[PDB]
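entry-v4.pdb follows; it contains PDB, C-alpha atoms (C1' of nucleotides).
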```
ATOM      1  CA  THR D   5       0.000   0.000   0.000
ATOM      2  CA  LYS D   6       2.456   2.612  -1.257
ATOM      3  CA  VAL D   7       1.504   5.941  -2.779
ATOM      4  CA  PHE D   8       2.970   7.391  -5.954
ATOM      5  CA  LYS D   9       3.753  11.070  -6.532
ATOM      6  CA  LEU D  10       3.979  12.566 -10.017
ATOM      7  CA  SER D  11       5.948  15.368 -11.669
ATOM      8  CA  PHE D  12       5.326  16.536 -15.219
ATOM      9  CA  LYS D  13       7.572  19.487 -16.182
ATOM     10  CA  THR D  14       5.318  19.949 -19.216
ATOM     11  CA  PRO D  15       1.695  21.078 -18.971
ATOM     12  CA  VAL D  16      -0.961  18.433 -19.408
ATOM     13  CA  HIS D  17      -4.563  18.821 -20.536
ATOM     14  CA  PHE D  18      -7.162  16.809 -18.639
ATOM     15  CA  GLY D  19     -10.579  17.998 -19.696
ATOM     16  CA  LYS D  20     -14.156  17.134 -18.836
ATOM     17  CA  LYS D  21     -16.323  17.813 -21.851
ATOM     18  CA  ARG D  22     -14.521  19.723 -24.598
ATOM     19  CA  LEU D  23     -10.908  19.954 -25.701
ATOM     20  CA  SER D  24     -10.738  23.560 -24.633
ATOM     21  CA  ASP D  25     -11.848  22.580 -21.137
ATOM     22  CA  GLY D  26      -9.087  22.098 -18.592
ATOM     23  CA  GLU D  27      -8.680  20.350 -15.251
ATOM     24  CA  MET D  28      -6.122  19.861 -12.491
ATOM     25  CA  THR D  29      -7.112  16.413 -11.212
ATOM     26  CA  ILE D  30      -8.327  13.190 -12.796
ATOM     27  CA  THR D  31     -10.442  10.400 -11.395
ATOM     28  CA  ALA D  32      -9.547   6.785 -10.870
ATOM     29  CA  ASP D  33     -11.374   5.899 -14.058
ATOM     30  CA  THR D  34      -8.886   7.528 -16.377
ATOM     31  CA  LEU D  35      -5.923   6.255 -14.441
ATOM     32  CA  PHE D  36      -7.179   2.711 -14.481
ATOM     33  CA  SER D  37      -7.853   2.953 -18.177
ATOM     34  CA  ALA D  38      -4.424   4.308 -18.974
ATOM     35  CA  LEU D  39      -2.568   1.831 -16.802
ATOM     36  CA  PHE D  40      -4.570  -1.002 -18.326
ATOM     37  CA  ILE D  41      -3.885   0.033 -21.948
ATOM     38  CA  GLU D  42      -0.216   0.490 -21.044
ATOM     39  CA  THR D  43      -0.182  -3.076 -19.794
ATOM     40  CA  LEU D  44      -1.803  -4.169 -23.083
ATOM     41  CA  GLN D  45       0.939  -2.295 -24.965
ATOM     42  CA  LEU D  46       3.407  -4.199 -22.841
ATOM     43  CA  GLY D  47       1.125  -7.151 -23.473
ATOM     44  CA  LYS D  48       1.407  -8.673 -20.019
ATOM     45  CA  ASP D  49      -1.321 -10.576 -18.209
ATOM     46  CA  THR D  50      -4.255  -8.396 -17.212
ATOM     47  CA  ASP D  51      -6.165 -10.687 -14.860
ATOM     48  CA  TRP D  52      -3.618 -10.125 -12.104
ATOM     49  CA  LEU D  53      -3.876  -6.404 -12.721
ATOM     50  CA  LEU D  54      -7.623  -6.657 -13.327
ATOM     51  CA  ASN D  55      -9.272  -7.750 -10.072
ATOM     52  CA  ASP D  56      -6.637  -7.152  -7.398
ATOM     53  CA  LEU D  57      -5.519  -3.509  -7.605
ATOM     54  CA  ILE D  58      -7.135  -0.723  -5.600
ATOM     55  CA  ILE D  59      -6.434   2.858  -6.677
ATOM     56  CA  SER D  60      -7.508   6.271  -5.427
ATOM     57  CA  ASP D  61      -8.403   9.307  -7.455
ATOM     58  CA  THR D  62      -5.596  11.681  -8.280
ATOM     59  CA  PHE D  63      -4.902  14.451  -5.901
ATOM     60  CA  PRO D  64      -2.887  17.643  -6.278
ATOM     61  CA  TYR D  65       0.080  18.441  -4.113
ATOM     62  CA  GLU D  66       2.433  21.330  -3.474
ATOM     63  CA  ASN D  67       6.067  21.746  -2.446
ATOM     64  CA  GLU D  68       5.654  19.789   0.778
ATOM     65  CA  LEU D  69       1.913  19.541   1.411
ATOM     66  CA  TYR D  70      -0.441  16.704   0.576
ATOM     67  CA  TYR D  71      -4.180  17.169   0.385
ATOM     68  CA  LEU D  72      -7.394  15.224   0.245
ATOM     69  CA  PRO D  73     -10.727  16.207  -1.280
ATOM     70  CA  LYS D  74     -13.436  17.727   0.937
ATOM     71  CA  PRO D  75     -15.693  15.212   2.805
ATOM     72  CA  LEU D  76     -19.415  16.110   2.337
ATOM     73  CA  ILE D  77     -20.266  15.854   6.048
ATOM     74  CA  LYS D  78     -23.004  17.911   7.687
ATOM     75  CA  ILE D  79     -21.382  20.622   9.814
ATOM     76  CA  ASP D  80     -23.696  22.853  11.864
ATOM     77  CA  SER D  81     -22.457  26.447  12.337
ATOM     78  CA  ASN D  86     -21.198  30.557   7.960
ATOM     79  CA  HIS D  87     -21.847  28.295   4.971
ATOM     80  CA  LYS D  88     -20.100  30.522   2.437
ATOM     81  CA  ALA D  89     -16.347  29.938   2.632
ATOM     82  CA  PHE D  90     -16.767  26.202   3.110
ATOM     83  CA  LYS D  91     -18.607  26.008  -0.196
ATOM     84  CA  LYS D  92     -15.743  27.580  -2.125
ATOM     85  CA  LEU D  93     -13.164  25.165  -0.712
ATOM     86  CA  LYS D  94     -12.307  21.873  -2.381
ATOM     87  CA  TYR D  95      -9.169  20.438  -0.817
ATOM     88  CA  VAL D  96      -7.792  20.097   2.703
ATOM     89  CA  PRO D  97      -4.192  19.555   3.857
ATOM     90  CA  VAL D  98      -3.448  16.560   6.028
ATOM     91  CA  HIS D  99      -2.281  18.807   8.861
ATOM     92  CA  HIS D 100      -5.807  19.810   9.820
ATOM     93  CA  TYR D 101      -7.733  17.045   8.006
ATOM     94  CA  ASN D 102      -9.007  15.412  11.253
ATOM     95  CA  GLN D 103      -9.334  18.939  12.779
ATOM     96  CA  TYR D 104     -11.917  19.883  10.071
ATOM     97  CA  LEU D 105     -13.841  16.601  10.691
ATOM     98  CA  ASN D 106     -13.946  17.504  14.440
ATOM     99  CA  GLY D 107     -14.812  21.157  13.590
ATOM    100  CA  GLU D 108     -11.527  22.799  14.735
ATOM    101  CA  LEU D 109     -11.151  24.475  11.289
ATOM    102  CA  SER D 110     -12.159  28.116  11.668
ATOM    103  CA  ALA D 111     -13.710  30.273   8.992
ATOM    104  CA  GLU D 112     -10.576  32.404   8.980
ATOM    105  CA  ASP D 113      -8.588  29.171   8.970
ATOM    106  CA  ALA D 114     -10.441  28.152   5.833
ATOM    107  CA  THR D 115      -9.692  31.566   4.394
ATOM    108  CA  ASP D 116      -5.999  31.026   5.061
ATOM    109  CA  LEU D 117      -5.913  27.537   3.587
ATOM    110  CA  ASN D 118      -7.761  28.631   0.466
ATOM    111  CA  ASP D 119      -5.268  31.452   0.171
ATOM    112  CA  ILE D 120      -2.380  28.981   0.140
ATOM    113  CA  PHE D 121      -4.066  26.907  -2.539
ATOM    114  CA  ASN D 122      -1.947  28.309  -5.363
ATOM    115  CA  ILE D 123      -0.798  24.996  -6.789
ATOM    116  CA  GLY D 124      -0.919  25.742 -10.507
ATOM    117  CA  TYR D 125      -2.715  27.778 -13.132
ATOM    118  CA  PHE D 126      -4.900  27.300 -16.193
ATOM    119  CA  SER D 127      -4.356  28.465 -19.749
ATOM    120  CA  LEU D 128      -5.769  28.180 -23.261
ATOM    121  CA  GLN D 129      -3.451  27.259 -26.109
ATOM    122  CA  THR D 130      -4.510  28.129 -29.620
ATOM    123  CA  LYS D 131      -3.730  25.774 -32.436
ATOM    124  CA  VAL D 132      -4.243  26.032 -36.182
ATOM    125  CA  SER D 133      -4.795  23.238 -38.656
ATOM    126  CA  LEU D 134      -3.752  23.440 -42.274
ATOM    127  CA  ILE D 135      -4.452  19.837 -43.229
ATOM    128  CA  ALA D 136      -7.640  21.139 -44.889
ATOM    129  CA  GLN D 137      -8.050  22.646 -48.408
ATOM    130  CA  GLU D 138      -6.357  25.876 -47.141
ATOM    131  CA  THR D 139      -3.024  24.478 -48.479
ATOM    132  CA  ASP D 140      -4.602  22.268 -51.220
ATOM    133  CA  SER D 141      -6.743  25.004 -52.898
ATOM    134  CA  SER D 142      -8.926  28.046 -51.986
ATOM    135  CA  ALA D 143     -10.045  27.605 -48.326
ATOM    136  CA  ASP D 144      -9.410  28.927 -44.766
ATOM    137  CA  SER D 145      -7.370  27.535 -41.857
ATOM    138  CA  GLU D 146      -9.061  25.918 -38.881
ATOM    139  CA  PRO D 147      -8.206  27.463 -35.520
ATOM    140  CA  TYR D 148      -9.250  25.533 -32.428
ATOM    141  CA  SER D 149      -8.481  25.728 -28.721
ATOM    142  CA  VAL D 150      -7.115  23.523 -25.991
ATOM    143  CA  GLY D 151      -6.997  24.043 -22.242
ATOM    144  CA  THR D 152      -3.823  23.166 -20.368
ATOM    145  CA  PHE D 153      -2.610  23.399 -16.807
ATOM    146  CA  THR D 154       0.915  24.246 -15.626
ATOM    147  CA  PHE D 155       1.787  22.855 -12.154
ATOM    148  CA  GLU D 156       4.402  24.746 -10.060
ATOM    149  CA  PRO D 157       7.997  23.301 -10.208
ATOM    150  CA  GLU D 158       7.305  21.340  -6.953
ATOM    151  CA  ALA D 159       3.597  20.609  -7.749
ATOM    152  CA  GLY D 160       1.891  17.595  -9.428
ATOM    153  CA  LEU D 161      -0.441  14.674  -8.679
ATOM    154  CA  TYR D 162      -0.482  11.546  -6.545
ATOM    155  CA  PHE D 163      -2.631   8.464  -5.963
ATOM    156  CA  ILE D 164      -3.001   5.967  -3.093
ATOM    157  CA  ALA D 165      -2.911   2.299  -4.015
ATOM    158  CA  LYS D 166      -3.228  -0.974  -2.169
ATOM    159  CA  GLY D 167      -2.993  -4.634  -3.026
ATOM    160  CA  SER D 168      -0.682  -7.586  -2.790
ATOM    161  CA  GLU D 169       3.059  -7.165  -2.950
ATOM    162  CA  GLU D 170       3.195  -8.861  -6.344
ATOM    163  CA  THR D 171       0.443  -6.529  -7.494
ATOM    164  CA  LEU D 172       2.507  -3.610  -6.252
ATOM    165  CA  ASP D 173       5.606  -4.759  -8.119
ATOM    166  CA  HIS D 174       3.668  -5.169 -11.344
ATOM    167  CA  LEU D 175       2.176  -1.724 -10.866
ATOM    168  CA  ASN D 176       5.681  -0.407 -10.301
ATOM    169  CA  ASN D 177       6.859  -1.815 -13.606
ATOM    170  CA  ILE D 178       3.834  -0.588 -15.525
ATOM    171  CA  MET D 179       4.127   2.834 -13.958
ATOM    172  CA  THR D 180       7.745   3.067 -15.048
ATOM    173  CA  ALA D 181       6.826   2.081 -18.584
ATOM    174  CA  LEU D 182       4.020   4.627 -18.711
ATOM    175  CA  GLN D 183       6.299   7.364 -17.269
ATOM    176  CA  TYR D 184       7.359   8.159 -20.808
ATOM    177  CA  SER D 185       4.005   7.964 -22.528
ATOM    178  CA  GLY D 186       1.423  10.566 -21.657
ATOM    179  CA  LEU D 187      -1.726  11.059 -19.565
ATOM    180  CA  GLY D 188      -4.584  13.586 -19.554
ATOM    181  CA  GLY D 189      -5.512  14.502 -23.091
ATOM    182  CA  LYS D 190      -3.483  15.492 -26.126
ATOM    183  CA  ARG D 191      -0.646  13.212 -25.087
ATOM    184  CA  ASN D 192       0.996  13.008 -28.484
ATOM    185  CA  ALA D 193       0.703  16.747 -28.974
ATOM    186  CA  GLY D 194       3.418  17.508 -26.446
ATOM    187  CA  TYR D 195       1.578  17.363 -23.143
ATOM    188  CA  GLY D 196       1.709  15.136 -20.120
ATOM    189  CA  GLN D 197       4.984  13.333 -19.565
ATOM    190  CA  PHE D 198       6.055  12.529 -16.049
ATOM    191  CA  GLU D 199       8.739  11.288 -13.713
ATOM    192  CA  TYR D 200       7.438   9.797 -10.499
ATOM    193  CA  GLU D 201       8.596   9.199  -6.965
ATOM    194  CA  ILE D 202       7.334   6.778  -4.347
ATOM    195  CA  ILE D 203       7.295   8.574  -0.996
ATOM    196  CA  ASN D 204       5.933   7.323   2.319
ATOM    197  CA  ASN D 205       4.450  10.113   4.409
ATOM    198  CA  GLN D 206       4.146   8.915   7.974
ATOM    199  CA  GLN D 207       1.208  11.195   8.642
ATOM    200  CA  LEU D 208      -0.709  10.143   5.559
ATOM    201  CA  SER D 209       0.055   6.527   6.374
ATOM    202  CA  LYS D 210      -1.561   7.087   9.741
ATOM    203  CA  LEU D 211      -4.480   8.737   8.005
ATOM    204  CA  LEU D 212      -5.085   5.612   5.986
ATOM    205  CA  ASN D 213      -4.687   3.544   9.147
ATOM    206  CA  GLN D 214      -7.449   4.981  11.285
ATOM    207  CA  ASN D 215     -10.691   3.268  12.253
ATOM    208  CA  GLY D 216     -14.089   4.857  12.670
ATOM    209  CA  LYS D 217     -17.821   4.756  12.029
ATOM    210  CA  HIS D 218     -17.786   6.990   8.977
ATOM    211  CA  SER D 219     -15.722   6.376   5.849
ATOM    212  CA  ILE D 220     -14.723   8.752   3.072
ATOM    213  CA  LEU D 221     -14.874   7.401  -0.455
ATOM    214  CA  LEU D 222     -11.640   8.485  -2.067
ATOM    215  CA  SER D 223     -12.260   6.993  -5.525
ATOM    216  CA  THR D 224     -14.930   6.849  -8.228
ATOM    217  CA  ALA D 225     -17.082   3.858  -7.369
ATOM    218  CA  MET D 226     -20.627   2.530  -7.580
ATOM    219  CA  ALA D 227     -21.890  -0.588  -5.835
ATOM    220  CA  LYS D 228     -23.194  -3.630  -7.672
ATOM    221  CA  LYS D 229     -26.881  -4.203  -8.309
ATOM    222  CA  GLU D 230     -27.461  -6.260  -5.175
ATOM    223  CA  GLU D 231     -25.672  -3.982  -2.707
ATOM    224  CA  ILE D 232     -27.100  -0.581  -3.524
ATOM    225  CA  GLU D 233     -30.155  -0.861  -1.286
ATOM    226  CA  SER D 234     -28.082  -1.553   1.806
ATOM    227  CA  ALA D 235     -25.377   0.885   0.766
ATOM    228  CA  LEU D 236     -27.569   3.955   0.394
ATOM    229  CA  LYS D 237     -28.927   3.807   3.933
ATOM    230  CA  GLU D 238     -27.329   6.964   5.323
ATOM    231  CA  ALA D 239     -25.053   8.778   2.936
ATOM    232  CA  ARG D 240     -24.126  12.188   1.604
ATOM    233  CA  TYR D 241     -23.056  11.941  -1.983
ATOM    234  CA  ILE D 242     -22.789  13.403  -5.473
ATOM    235  CA  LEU D 243     -23.344  11.621  -8.776
ATOM    236  CA  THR D 244     -20.857  12.446 -11.518
ATOM    237  CA  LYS D 245     -21.673  11.551 -15.107
ATOM    238  CA  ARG D 246     -18.733   9.876 -16.797
ATOM    239  CA  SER D 247     -18.753   9.738 -20.594
ATOM    240  CA  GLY D 248     -15.992   9.312 -23.170
ATOM    241  CA  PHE D 249     -14.637   7.481 -26.205
ATOM    242  CA  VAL D 250     -12.371   4.452 -26.749
ATOM    243  CA  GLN D 251      -9.153   3.563 -28.587
ATOM    244  CA  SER D 252      -8.641   0.872 -31.280
ATOM    245  CA  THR D 253     -11.888  -1.038 -30.691
ATOM    246  CA  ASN D 254     -14.129  -0.854 -33.758
ATOM    247  CA  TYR D 255     -13.971   0.684 -37.208
ATOM    248  CA  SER D 256     -15.289   4.163 -36.544
ATOM    249  CA  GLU D 257     -14.055   6.106 -33.532
ATOM    250  CA  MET D 258     -16.879   8.622 -33.837
ATOM    251  CA  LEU D 259     -19.136   5.572 -33.811
ATOM    252  CA  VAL D 260     -17.455   4.231 -30.651
ATOM    253  CA  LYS D 261     -18.124   5.837 -27.286
ATOM    254  CA  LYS D 262     -18.757   4.161 -23.952
ATOM    255  CA  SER D 263     -22.262   4.762 -22.680
ATOM    256  CA  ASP D 264     -22.702   7.540 -20.170
ATOM    257  CA  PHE D 265     -22.206   6.030 -16.735
ATOM    258  CA  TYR D 266     -22.731   7.360 -13.260
ATOM    259  CA  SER D 267     -20.720   6.982 -10.092
ATOM    260  CA  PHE D 268     -20.471   8.662  -6.732
ATOM    261  CA  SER D 269     -18.074  11.575  -6.445
ATOM    262  CA  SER D 270     -14.989  11.671  -4.236
ATOM    263  CA  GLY D 271     -16.232  13.488  -1.155
ATOM    264  CA  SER D 272     -19.208  11.374  -0.292
ATOM    265  CA  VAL D 273     -19.607   9.881   3.161
ATOM    266  CA  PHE D 274     -21.092   6.447   3.656
ATOM    267  CA  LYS D 275     -22.320   4.438   6.618
ATOM    268  CA  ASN D 276     -22.313   0.987   5.065
ATOM    269  CA  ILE D 277     -19.148   0.180   3.183
ATOM    270  CA  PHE D 278     -19.554  -1.529  -0.156
ATOM    271  CA  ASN D 279     -17.046  -3.121  -2.407
ATOM    272  CA  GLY D 280     -17.274  -1.775  -5.937
ATOM    273  CA  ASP D 281     -16.692  -3.419  -9.278
ATOM    274  CA  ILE D 282     -15.137  -2.849 -12.680
ATOM    275  CA  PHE D 283     -18.163  -2.408 -14.901
ATOM    276  CA  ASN D 284     -18.428  -3.309 -18.552
ATOM    277  CA  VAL D 285     -19.701  -0.344 -20.515
ATOM    278  CA  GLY D 286     -19.254  -2.397 -23.633
ATOM    279  CA  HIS D 287     -21.562  -2.931 -26.572
ATOM    280  CA  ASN D 288     -20.949  -3.319 -30.289
ATOM    281  CA  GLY D 289     -17.189  -3.575 -29.916
ATOM    282  CA  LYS D 290     -14.557  -6.164 -30.641
ATOM    283  CA  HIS D 291     -13.455  -6.321 -27.001
ATOM    284  CA  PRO D 292     -14.906  -5.451 -23.595
ATOM    285  CA  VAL D 293     -14.043  -1.959 -22.402
ATOM    286  CA  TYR D 294     -13.419  -1.443 -18.729
ATOM    287  CA  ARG D 295     -14.446   1.432 -16.500
ATOM    288  CA  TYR D 296     -13.290   1.367 -12.904
ATOM    289  CA  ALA D 297     -15.445   1.610  -9.785
ATOM    290  CA  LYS D 298     -13.846   0.186  -6.690
ATOM    291  CA  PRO D 299     -13.380   2.169  -3.484
ATOM    292  CA  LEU D 300     -10.461   2.954  -1.230
ATOM    293  CA  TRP D 301     -11.775   4.082   2.129
ATOM    294  CA  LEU D 302     -10.222   6.350   4.708
ATOM    295  CA  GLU D 303     -11.993   5.188   7.828
ATOM    296  CA  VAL D 304     -12.822   8.191   9.941
TER     297      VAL D 304
ATOM    298  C1'   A J   1     -10.315  -0.378 -22.993
ATOM    299  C1'   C J   2      -7.263   7.722 -20.981
ATOM    300  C1'   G J   3     -14.129  13.602 -22.968
ATOM    301  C1'   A J   4     -10.435  10.249 -26.653
ATOM    302  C1'   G J   5      -8.265  10.313 -31.702
ATOM    303  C1'   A J   6      -6.283  13.121 -36.419
ATOM    304  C1'   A J   7      -4.981  19.476 -36.594
ATOM    305  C1'   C J   8       2.538  23.723 -38.679
ATOM    306  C1'   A J   9      -1.050  30.730 -35.025
ATOM    307  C1'   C J  10      -0.227  29.423 -40.956
ATOM    308  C1'   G J  11      -0.274  32.434 -46.440
ATOM    309  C1'   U J  12       0.951  38.137 -48.092
ATOM    310  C1'   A J  13       3.695  41.931 -47.440
ATOM    311  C1'   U J  14      10.285  45.730 -44.897
ATOM    312  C1'   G J  15      11.820  50.825 -42.531
ATOM    313  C1'   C J  16      10.517  53.339 -46.935
ATOM    314  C1'   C J  17       9.598  58.507 -49.350
ATOM    315  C1'   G J  18      12.494  64.051 -49.689
ATOM    316  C1'   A J  19      16.164  66.194 -47.663
ATOM    317  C1'   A J  20      23.749  70.066 -49.830
ATOM    318  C1'   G J  21      28.046  69.576 -43.262
ATOM    319  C1'   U J  22      25.613  74.576 -44.990
ATOM    320  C1'   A J  23      25.852  80.660 -44.171
ATOM    321  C1'   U J  24      30.162  85.464 -44.263
ATOM    322  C1'   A J  25      34.985  86.413 -42.018
ATOM    323  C1'   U J  26      42.969  89.007 -45.353
ATOM    324  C1'   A J  27      47.975  84.329 -42.675
ATOM    325  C1'   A J  28      47.726  89.673 -40.431
ATOM    326  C1'   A J  29      49.924  94.495 -38.150
ATOM    327  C1'   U J  30      58.225  96.405 -38.186
TER     328        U J  30
END
```

Please render this file's structure as structure tokens.
Amino acid sequence: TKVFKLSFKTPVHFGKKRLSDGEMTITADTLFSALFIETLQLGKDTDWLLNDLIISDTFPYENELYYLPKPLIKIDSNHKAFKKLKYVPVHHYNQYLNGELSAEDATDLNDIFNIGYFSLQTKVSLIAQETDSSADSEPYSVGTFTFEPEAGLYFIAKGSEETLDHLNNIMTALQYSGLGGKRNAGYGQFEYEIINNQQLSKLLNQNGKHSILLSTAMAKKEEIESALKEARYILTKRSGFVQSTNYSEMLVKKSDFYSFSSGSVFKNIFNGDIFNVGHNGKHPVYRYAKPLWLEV
RNA sequence: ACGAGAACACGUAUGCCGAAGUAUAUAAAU
């Protein structure tokens, strides 16, 4: 159960809906997809790395601070500053759950949150009839994000030791390919470091009555009734396309799927599952929904 | 099996065009 930390040195585009849209963090779905396809490019055995690996969503970090997303618990007071905040440092993570975080404290934390910036890159396309004959060029836009020199992303993983070694190898291999969006266009390379934060390790090693879903998950058919007993949650529509499956890419697109977001609180833990979103393809296409809980 | 995948912020044009380093004033009072 080691955690990986990522550095890019070149901006990467994530994106939610349109190429000009930009993001800082990705969900476990994309990471699982990318790691899987990288395994397939290496051509190793997927079953081991199919139903044994547990991954968190990606999370931003700064020079020396690690953060987690905001738990959607019901705090009874200001209800303005707390809305604007997304991420919490580990220093006061349990303090916020208790209620020690002050409104001015939230103000301060939010102030420190400068961990990158967003930008729009313009690109022009002359593959059209602009060069061939009488026509115009095709400008379009992309959205990219530039992390600070000591800023990047990290995930929290758990599984068997053999699973961890395989993940290590695959992560190395992927290091040089991309992630995010326009990988081949010059965005999203990375060098990674495995660091063990004692405090975060403790954070994973608590025990309590609540539990914070850190990944993008959704229980099976036969667990949902008992899972949804007392929860505070957000649904997050996940859509997207697929790579080297059927003849027409524009014809291929995994069906819109829904999962809980990454700040929900649950009473009854559920194991998740890797759901097939496949239809009319030459292979099954995997979307990831399996939780990693922080039990407090 | 990464809201993906393809896509040169490209192609046209330059520092021009007119202006005088000019205007008088003894190599001089023994």

Hits of the PyMOL selection byres ((chain D) within 6 of (chain J)) in this structure, as number ranges by chain | D: 20-21, 34, 37-38, 132-133, 248-249, 293-294

Could you pull the residues within 6 Å of residue 150 (chain D), counting all atoms listed in the file, minus those fewer than 5 positions along the same chain, as a ChimeraX atom specification?
-> /D:23-24,128-129

Between CA of residue 7 (chain D) and CA of residue 123 (chain D) - distance in Å to one decimal | 19.6 Å

Padding of 6 Å on every side, edges along x, y and z, all listed atoms of region 59-64 of chain D included: what centre and edge lengths in Å, to one decimal, does that box have, as lines of an AutoDock Vina configuration file?
```
center_x = -5.6
center_y = 10.3
center_z = -6.9
size_x = 17.5
size_y = 26.8
size_z = 14.9
```

Of D:263, D:168, D:29, D:102, the one nearest to residue 210 (chain D) when counting all atoms listed in the file is D:102

When you draw a straight line from CA of residue 136 (chain D) to CA of residue 250 (chain D), how long is it in Å?
->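 Spanning CA of residue 136 (chain D) to CA of residue 250 (chain D) is a straight-line distance of 25.1 Å.
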
In terms of the shortest atom-to-atom distance over only C-alpha atoms, which of D:103, D:121, D:61, D:182 is closest to residue 45 (chain D)?
->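 Of D:103, D:121, D:61, D:182, the one nearest residue 45 (chain D), counting only C-alpha atoms, is D:182.
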
What do you get, as a PyMOL selection string, if you spell out every residue that the PyMOL selection byres ((chain D and resi 279-286) around 12) selects here?
-> (chain D and resi 32-33+36-37+53-59+221+223-232+234-235+246-250+253-254+260-268+276-278+287-301) or (chain J and resi 1)

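Excluding residue 152 (chain D) and any residue on its chain fewer than 5 positions from it, the residues at most 7 Å away by only C-alpha atoms (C1' of nucleotides) are residues 15, 16, 17, 26, 126, 127 and 128 of chain D.
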
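What separates CA of residue 90 (chain D) from CA of residue 110 (chain D) is a distance of 9.9 Å.
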
Picked residues, the PyMOL selection byres ((chain D and resi 161-164) around 8), as a PDB file with C-alpha atoms, in the frame of the given file:
```pdb
ATOM      1  CA  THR D   5       0.000   0.000   0.000  1.00  0.00           C
ATOM      2  CA  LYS D   6       2.456   2.612  -1.257  1.00  0.00           C
ATOM      3  CA  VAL D   7       1.504   5.941  -2.779  1.00  0.00           C
ATOM      4  CA  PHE D   8       2.970   7.391  -5.954  1.00  0.00           C
ATOM      5  CA  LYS D   9       3.753  11.070  -6.532  1.00  0.00           C
ATOM      6  CA  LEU D  10       3.979  12.566 -10.017  1.00  0.00           C
ATOM      7  CA  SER D  11       5.948  15.368 -11.669  1.00  0.00           C
ATOM      8  CA  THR D  29      -7.112  16.413 -11.212  1.00  0.00           C
ATOM      9  CA  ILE D  59      -6.434   2.858  -6.677  1.00  0.00           C
ATOM     10  CA  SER D  60      -7.508   6.271  -5.427  1.00  0.00           C
ATOM     11  CA  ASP D  61      -8.403   9.307  -7.455  1.00  0.00           C
ATOM     12  CA  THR D  62      -5.596  11.681  -8.280  1.00  0.00           C
ATOM     13  CA  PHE D  63      -4.902  14.451  -5.901  1.00  0.00           C
ATOM     14  CA  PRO D  64      -2.887  17.643  -6.278  1.00  0.00           C
ATOM     15  CA  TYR D  65       0.080  18.441  -4.113  1.00  0.00           C
ATOM     16  CA  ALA D 159       3.597  20.609  -7.749  1.00  0.00           C
ATOM     17  CA  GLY D 160       1.891  17.595  -9.428  1.00  0.00           C
ATOM     18  CA  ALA D 165      -2.911   2.299  -4.015  1.00  0.00           C
ATOM     19  CA  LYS D 166      -3.228  -0.974  -2.169  1.00  0.00           C
TER      20      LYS D 166
END
```
